[PDB]
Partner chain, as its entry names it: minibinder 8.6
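Quick setup: one chain, the form solved without its partner chain, written in structure tokens, and binding and motion questions come after.
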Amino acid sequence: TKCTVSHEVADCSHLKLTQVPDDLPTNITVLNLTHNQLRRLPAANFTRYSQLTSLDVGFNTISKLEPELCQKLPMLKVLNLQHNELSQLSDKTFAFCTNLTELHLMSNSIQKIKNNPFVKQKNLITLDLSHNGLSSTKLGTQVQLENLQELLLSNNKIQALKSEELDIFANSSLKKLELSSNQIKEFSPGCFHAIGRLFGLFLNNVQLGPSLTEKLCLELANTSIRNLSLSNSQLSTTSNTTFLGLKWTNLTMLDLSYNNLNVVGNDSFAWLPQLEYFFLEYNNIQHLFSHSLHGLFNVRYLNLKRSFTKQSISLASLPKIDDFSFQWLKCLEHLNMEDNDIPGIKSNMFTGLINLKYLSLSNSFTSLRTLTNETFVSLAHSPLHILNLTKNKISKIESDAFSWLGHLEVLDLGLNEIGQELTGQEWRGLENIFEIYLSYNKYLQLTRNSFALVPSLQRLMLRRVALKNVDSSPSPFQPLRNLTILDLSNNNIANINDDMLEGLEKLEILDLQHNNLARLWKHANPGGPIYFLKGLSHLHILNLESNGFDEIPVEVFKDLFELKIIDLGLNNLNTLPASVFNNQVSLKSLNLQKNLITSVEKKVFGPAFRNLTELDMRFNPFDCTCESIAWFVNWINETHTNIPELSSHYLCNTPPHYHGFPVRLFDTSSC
């Protein structure tokens, strides 16, 4: 309806305005007039807004700009005129706007720049002239814009770069020269040396090719260039001559992504000894040779996601990676090889990578069915900490498969098709292991020695793996004294022994939802009820949802003094014994939704309700009498505990007089 002012910032966006407001407070610093129907900006209308530092008039229909406007606003730093109809500029236009740091002129249908319109902009940092119809980089006839750091000229009609067109930047230090989506066909000799210092050049979506890229790099020789981006530039092949001009530079970043790059010739990057970050993702490399990556001894990061050619099904055009292809990268720490069709891991695939700490091989192979005692031999001399092996259709893990990985901390084997018995010999050599993910696999059968060789383990995830023999004596988890997180959810488990978690005093998170443990907590269970939560003094989060519980023994939560969150929703509970929650002095969240609860009495819920933050007891068949709900309604009226959907989803069932009536509106005066 009108403008909203908050902390001297006026938001007048999307209000269909044809005139500039005259009733706004005289102390505003920022004025946002975006997405309106303004045709002009007269000086007289801005006389009362002399404190402005920022003016955003983007997405309007302004064609002329009055020079006197900048004299009325002496503190103006940011001016945004994007998406307007300001096609013609003159020397008078920005002549009085001396304190500007940012000037945005995108999508204004500017086709020609005459004379010197930016000569008075001595403090300008960013100039954005993108999405116009310019056919040249010439913006003046004399040395100006000395403090400029960013020049954006993307999506224009520039066909050639000359030195006498960029010579006005002779005293400038450009961190960014954005020339993307311009169909440049010639780089005239000396064109980049016309700028004082050039640090970054962007030529994405520019059809260059091998021959023109070679000429471009010759023009970059002896410049200050650190970053070069040539993404989607149709670089089909590379040779030992393509980047030769870059020998006379200290380039640290190169991006060659999305180029449909098929052949990478020997010694292609021998001229880049200072390169640190290399992006090669989304290409079509058919065969990587042993000398393709020669000379890249300083690279710390390499992205090879979807870099190799796809499977042809018929022609058998599978990608090939020669042995020793990574031996040159002595400083490589992070390697991403995700989503490829590589056949397997050869004996010398990763040899020479003496500084590798992170390696992701997620969905990297066609099928890596079996992990043998030799599969990872080439990583023996790498200080590898993280290994991701998801989505590879792995079926079997044999003995001593990870013996070469003595420094490994995180091992992700989730989302595969593993179906075997875990003997325990699979984990030999993993002396520094912190976490193992084994979730979403075919089947895993445990024994008493399954995790004996890894007593350092702190986190174990075994979700949806059709887990068998967890009821072994002694427990498969017994040697894991330092365990903090255990996920045994979605396994349809029916039997567990008393001592399953004995000695695990440091356990903090236990997930047991979607199993069949109901019988174990019924009083008539042969041998008595199973007290599997005994001694878990540091337990903070416990999930017991969807187990079909209809009985809870009085002493099961006895030792849980530190418990903060308990989830017992989606069960069939009604009658709960007195003092079942008596030792829960740290409870902050209680969930008992979609159960069969009729009575909510003090002798049960009193200690649990004391200092709660959240409560969820929605969708229960509440009994609306005095002996069943009086205390609960009295608690609801005076508590600060957040109870979501209280008015709508907390209804009475029995007696038929109160059927469908909210429990919040009950009368306690009769009790």
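Numbering follows the first chain given and starts at 1.
The form deposited with its partner chain bound exists for this protein as well; it is not shown, and the discussion that follows is about that form.
Just one of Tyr437, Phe199, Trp271, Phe96 comes within 4.5 Å of its partner chain in the deposited complex, counting any heavy atom, and that one is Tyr437. Of the listed positions (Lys176, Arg448, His104, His334), a single one reaches within 4.5 angstroms of its partner chain by any non-hydrogen atom in the deposited complex, namely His334. The three residues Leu480, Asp499 and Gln584 each lack any heavy atom within 4.5 Å of its partner chain in the deposited complex. Residue contact with its partner chain in the deposited complex: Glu614 places a heavy atom within 4.5 Å of it. Shown alone here, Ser589 lies within 4.5 Å of its partner chain in the deposited complex, counting heavy atoms only.
Although the partner is absent here, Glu409 is a contact residue: one of its heavy atoms lies within 4.5 angstroms of its partner chain in the deposited complex. Taking the partner from the other structure, its partner chain in the deposited complex has a heavy atom within 4.5 Å of a heavy atom of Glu508. For its partner chain in the deposited complex, the listed stretch (178-186, 559-567, 222-230, 126-134) containing residues with heavy atoms inside 4.5 Å is 559-567.
Taking its partner chain as positioned in the deposited complex, none of the residues of 109-142 brings a heavy atom within 4.5 Å of it.
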